[PDB]
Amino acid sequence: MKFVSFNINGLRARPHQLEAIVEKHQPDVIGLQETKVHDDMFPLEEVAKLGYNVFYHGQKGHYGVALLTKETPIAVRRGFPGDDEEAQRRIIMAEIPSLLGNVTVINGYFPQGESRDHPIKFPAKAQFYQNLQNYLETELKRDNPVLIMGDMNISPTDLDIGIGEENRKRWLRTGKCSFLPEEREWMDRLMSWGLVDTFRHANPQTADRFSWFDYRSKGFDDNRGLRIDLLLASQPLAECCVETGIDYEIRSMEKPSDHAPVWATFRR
């Protein structure tokens, strides 16, 4: 079962990248973030033509998530139970069937946060992680197959930072979000529940693979980016991970999203 996560940054502006992912990877499940399209305008026929079932929610020009699956899910919903409207445009959760059990899949577009001192965006980010943590602890078990994917907007370790030492320190000094100590705390708490960062686990010493590169600075050319798009899997799933990757080739396409698609393949 292959999973691909991709912050497309405008689904209707980049049908070419979505088709490329399907052709190249033939994935069983695709989680999209920042689709930026209103539900009434979602490319339902186009997605159906690609051979996928799809569940989605977003609003015009902002947020938006979609979960494309080859097989039909047992259950799917937007947001965690009790979540507000905004959270519903940032999270899709599903139970995907397999012969001997179900896999819980969570696709999220986590708040960027902007800066530690932003009176609205930073609390929103903290609360988003708190809601996820609480869902995990109250409804799931570390022994269940769970896969959390998406744009986390947090670089878990320093091996995930490629913008340069001086820039790294300036960001910390000014409180710019991505790798603040508070943010790392939320991420560590999440991992401690019993999740494995698939790419990092398969590539324990790689310090030159990133998933996001800033447009304006032309970061992709110099490989100056951050690895903030992750695929976190619980124990029983992590044990079966045979391949992981970040697709630089797709990020090399014309009119590309600033994010590279990331993937993980599970096979026993």
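Throughout, we count residues from 1 along the sequence that is shown.
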item: Comparing 27 to 35 with 220 to 228, the one whose average Cα B-factor in the PDB entry is higher; value: 220 to 228
item: Selected stretch [higher average CA B-factor]: 104 to 112 or 119 to 127; value: 119 to 127
item: Highest-ranked of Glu166, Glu183, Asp197, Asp160 once sorted by CA temperature factor in the record; value: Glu166
item: Chain thirds of CA B-factor: placement of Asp151; value: lowest
item: Third of chain Cα B-factors occupied by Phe42; value: middle
item: Within-chain third of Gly82 by Cα B-factor, per the entry; value: highest
item: Record-listed C-alpha B factor of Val242: chain third; value: highest
item: Record-listed C-alpha B factor of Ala75: chain third; value: lowest
